[PDB]
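Note sheet for the following structure.
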Amino acid sequence: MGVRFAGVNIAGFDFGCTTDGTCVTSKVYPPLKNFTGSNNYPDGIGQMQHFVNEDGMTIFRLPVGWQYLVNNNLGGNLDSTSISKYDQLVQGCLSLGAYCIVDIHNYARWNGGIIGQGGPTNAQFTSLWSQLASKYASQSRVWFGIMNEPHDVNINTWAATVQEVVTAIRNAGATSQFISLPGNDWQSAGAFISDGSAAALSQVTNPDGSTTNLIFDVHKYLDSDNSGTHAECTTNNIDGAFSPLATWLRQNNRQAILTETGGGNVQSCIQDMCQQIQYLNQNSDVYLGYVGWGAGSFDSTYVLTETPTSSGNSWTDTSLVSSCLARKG
Ligand SMILES: [Mg+2]
Ligand SMILES: [Mg+2]
């Protein structure tokens, strides 16, 4: 009676990342309360506990900068401090019984260079994922979010890169986990088929030749330019994106997850987001879940905030989360 996974992005390890793939590591603001000893960074783990206990959520996405994980050492070993801090957020998510999406928030780029297309080589990128897969191989509820919002890349070359990553993840022993396949056009669900991403990514397989647990990863916003930067919503995305996608998915016996979606905490979005979510829930054979953007280190002033408010051991949700994303039933 609905998609399997409902949850939210717990952002902050990605603050300082821009759409060119530059992540300034000094600017991260991770949602771990005691990240520095001040004990007053945003309380991502406390948020997740509320989301799971009160709002029936079962998945969280944890955006993080590539540069952060390797401390700016392209192709290097994961930095022991960085991975130690990030893993605290990962384990907090997993401890709640949720699935946890590790999301490399890099737009298929490193400091302006496109992975495998002038920027880092495929090997420098698979090296990142091989290490993460090795770390998380024994934890089946870690979900490998290969890349956030590739855009303006050669989709044929990108699909090959994605294939190399999937191979690396499986060969490292992470054989049980879900793996995301992200396409072009900022992962837009609306362009996923028409821009050729669906076809190219459909060719990616596990070592055994199957496509088992390889899930198409799309994004879609509800404002006029599909940017998620305006408060008001202007579409429920059904005719333009999710109906054609459902049909395609179903005919091909494949599945997709919507890892970013959101809107203002206003009436237009309460209406449109609920229509969108309802359609996903009525097509839960092909849609595995939805993940709202965004909570974690975002606060009450962020236009798409989904961060709950703590008041005397009580949390209160934003209106869009409470009215549309939450599952209190
Ligand atoms: Mg609680
Ligand atoms: Mg677009």
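Each chain of the structure tokens is named A, B, ... in the order shown, its residues numbered from 1; ligands are numbered from 1 in display order.
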Per-residue DSSP, stretch 202-248 of chain A, filtered to strand (DSSP E or B), as a PyMOL selection string: chain A and resi 214-219
Write to file, as a PDB file, in the first residue's frame, the residues of the selection just made, with C-alpha atoms.
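Output file result31.pdb follows:
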```pdb
ATOM      1  CA  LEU A 214      20.733  -2.046  -9.307  1.00  0.00           C
ATOM      2  CA  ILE A 215      18.173   0.691  -8.929  1.00  0.00           C
ATOM      3  CA  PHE A 216      17.695   3.720 -11.150  1.00  0.00           C
ATOM      4  CA  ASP A 217      18.212   6.870  -9.058  1.00  0.00           C
ATOM      5  CA  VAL A 218      16.206   9.965 -10.063  1.00  0.00           C
ATOM      6  CA  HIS A 219      15.550  13.458  -8.679  1.00  0.00           C
TER       7      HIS A 219
END
```
Exercise answer, 7 Å around ligand 2 with only C-alpha atoms and all ligand atoms, as a list in words: residues 185, 186, 188, 191 and 226 of chain A
Separation of atom CA of residue A:132 from atom CA of residue A:147, in Å and rounded to one decimal: 13.3 Å
Return as CSV the residues of chain A lying at most 9 Å from ligand 1, together with the closest atom-to-atom pair for each and the distance in Å to one decimal, counting only C-alpha atoms and all ligand atoms, with rows in chain order and ascending residue number.
```
residue,atom,partner,partner_atom_place_in_ligand_line,distance
A:46,CA,ligand 1,1 (Mg),6.9
A:47,CA,ligand 1,1 (Mg),7.8
A:48,CA,ligand 1,1 (Mg),8.4
A:49,CA,ligand 1,1 (Mg),5.3
A:50,CA,ligand 1,1 (Mg),4.1
A:51,CA,ligand 1,1 (Mg),7.8
A:52,CA,ligand 1,1 (Mg),8.2
A:53,CA,ligand 1,1 (Mg),6.1
A:54,CA,ligand 1,1 (Mg),7.0
A:313,CA,ligand 1,1 (Mg),7.6
A:314,CA,ligand 1,1 (Mg),7.3
A:315,CA,ligand 1,1 (Mg),7.3
```
Residues near residue A:164, cut-off 10 Å, only C-alpha atoms, skip fewer than 5 positions along chain, as a ChimeraX atom specification: /A:122-123,125-126,129,158-159,169,204-205
Please produce an output containing C-alpha atoms for each residue in the selection, written as a compact mmCIF listing (two decimals), in the first residue's frame.
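Below is the file that was written, out-v1.txt:
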```
# COMPACT_ATOMS: atom_id res chain seq x y z
CA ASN A 122 37.70 6.03 -13.79
CA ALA A 123 40.30 4.35 -11.56
CA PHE A 125 36.77 7.26 -8.77
CA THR A 126 36.37 3.48 -8.49
CA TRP A 129 33.94 3.30 -4.11
CA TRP A 158 29.38 7.98 -17.88
CA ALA A 159 27.52 4.63 -18.09
CA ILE A 169 31.62 -2.48 -5.28
CA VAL A 204 25.03 -1.98 -16.36
CA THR A 205 25.17 -5.36 -14.62
```
Nearby residues (only C-alpha atoms) at most 10 Å from residue A:267, same-chain spacing under 4 positions excluded, as a PyMOL selection string: chain A and resi 231-233+271-273+319-320
DSSP helix (DSSP H, G or I) selection over stretch 223-326 of chain A, as a ChimeraX atom specification: /A:238-251,267-281,319-325
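If only C-alpha atoms are the atoms counted, then among A:280, A:90, A:137, A:199 the closest residue to residue A:238 is A:280.
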Near-residue A:241 list (8 Å; only C-alpha atoms; drop same-chain fewer than 4 positions) as a list in words: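 The contact residues come out as residues 189, 190, 191, 237 and 245 of chain A.
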Close residues, residue A:260 itself excluded, 12 Å, only C-alpha atoms, min 4 positions apart in chain, as a CSV table (one decimal) with C-alpha atoms, in the first residue's frame:
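And here's part-v2.csv as it stands now:
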```
chain,number,residue,atom,x,y,z
A,6,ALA,CA,10.2,6.9,2.8
A,7,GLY,CA,12.7,9.3,4.3
A,8,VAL,CA,14.8,12.4,4.1
A,9,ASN,CA,18.2,13.8,3.2
A,10,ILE,CA,20.2,14.5,6.4
A,11,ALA,CA,22.6,17.1,4.9
A,60,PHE,CA,17.9,8.3,5.0
A,61,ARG,CA,20.3,9.7,2.5
A,62,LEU,CA,23.6,11.1,3.8
A,63,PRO,CA,25.2,13.5,1.3
A,101,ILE,CA,22.2,6.0,1.3
A,103,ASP,CA,25.7,9.9,-1.5
A,105,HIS,CA,27.6,14.9,-3.7
A,145,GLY,CA,24.6,6.3,-4.0
A,148,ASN,CA,24.7,13.1,-7.1
A,149,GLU,CA,23.4,14.9,-10.2
A,182,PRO,CA,22.3,8.0,-11.7
A,186,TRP,CA,20.9,16.5,-12.8
A,187,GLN,CA,19.2,13.1,-12.5
A,188,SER,CA,15.9,14.6,-13.5
A,189,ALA,CA,13.1,12.0,-13.6
A,217,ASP,CA,18.2,6.9,-9.1
A,218,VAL,CA,16.2,10.0,-10.1
A,219,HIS,CA,15.6,13.5,-8.7
A,220,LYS,CA,12.6,15.8,-9.3
A,221,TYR,CA,11.5,19.1,-7.9
A,222,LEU,CA,8.2,20.8,-8.1
A,226,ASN,CA,12.8,22.0,-11.5
A,227,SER,CA,15.6,23.5,-9.4
A,228,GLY,CA,14.1,23.2,-5.9
A,289,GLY,CA,10.9,5.0,-2.4
A,290,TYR,CA,11.1,8.7,-2.0
A,291,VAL,CA,13.5,10.9,-0.1
A,292,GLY,CA,12.8,14.5,0.8
A,293,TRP,CA,15.3,17.4,0.6
A,294,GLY,CA,16.3,18.4,3.1
A,295,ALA,CA,16.9,18.2,6.8
A,304,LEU,CA,13.1,23.7,1.4
```
Selection: 12 Å around residue A:208, only C-alpha atoms, excl. self and same-chain fewer than 4 positions, as a list in words: residues 166, 167, 170, 171, 175, 204 and 212 of chain A
Output file for the residues above (N, CA and C atoms, as a compact mmCIF listing (two decimals), in the first residue's frame):
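Contents of selection_17.txt, freshly written:
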```txt
# COMPACT_ATOMS: atom_id res chain seq x y z
N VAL A 166 30.12 -0.19 -10.18
CA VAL A 166 29.35 -1.36 -9.75
C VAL A 166 30.24 -2.60 -9.64
N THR A 167 31.10 -2.81 -10.62
CA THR A 167 32.01 -3.95 -10.58
C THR A 167 32.92 -3.87 -9.36
N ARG A 170 30.94 -4.69 -6.04
CA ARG A 170 30.65 -6.11 -5.90
C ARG A 170 31.91 -6.93 -5.62
N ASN A 171 32.99 -6.64 -6.35
CA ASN A 171 34.27 -7.32 -6.16
C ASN A 171 34.88 -7.08 -4.78
N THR A 175 27.98 -7.47 -1.86
CA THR A 175 27.22 -8.20 -2.85
C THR A 175 25.72 -8.19 -2.57
N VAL A 204 24.14 -1.74 -17.49
CA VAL A 204 25.03 -1.98 -16.36
C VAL A 204 24.58 -3.24 -15.62
N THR A 212 20.25 -7.40 -10.67
CA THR A 212 19.71 -7.49 -9.32
C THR A 212 20.24 -6.38 -8.40
```
Between atom CA of residue A:223 and atom CA of residue A:29 - distance in Å to one decimal: 26.6 Å
Sorted per-residue table, stretch 97-167 of chain A near stretch 70-78 of chain A, closest atoms and distance, 7 Å, only C-alpha atoms, as JSON lines:
```
{"residue": "A:124", "atom": "CA", "partner": "A:75", "partner_atom": "CA", "distance": 4.4}
{"residue": "A:125", "atom": "CA", "partner": "A:75", "partner_atom": "CA", "distance": 6.8}
{"residue": "A:127", "atom": "CA", "partner": "A:75", "partner_atom": "CA", "distance": 6.1}
{"residue": "A:128", "atom": "CA", "partner": "A:75", "partner_atom": "CA", "distance": 6.8}
```
Length of the atom CA of residue A:81 to atom CA of residue A:13 vector [Å]: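 Atom-to-atom, atom CA of residue A:81 to atom CA of residue A:13, that is 13.1 Å.
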Proximity to residue A:176 - best of A:162, A:154, A:120, A:138, only C-alpha atoms: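 Counting only C-alpha atoms, the residue closest to residue A:176 is A:138.
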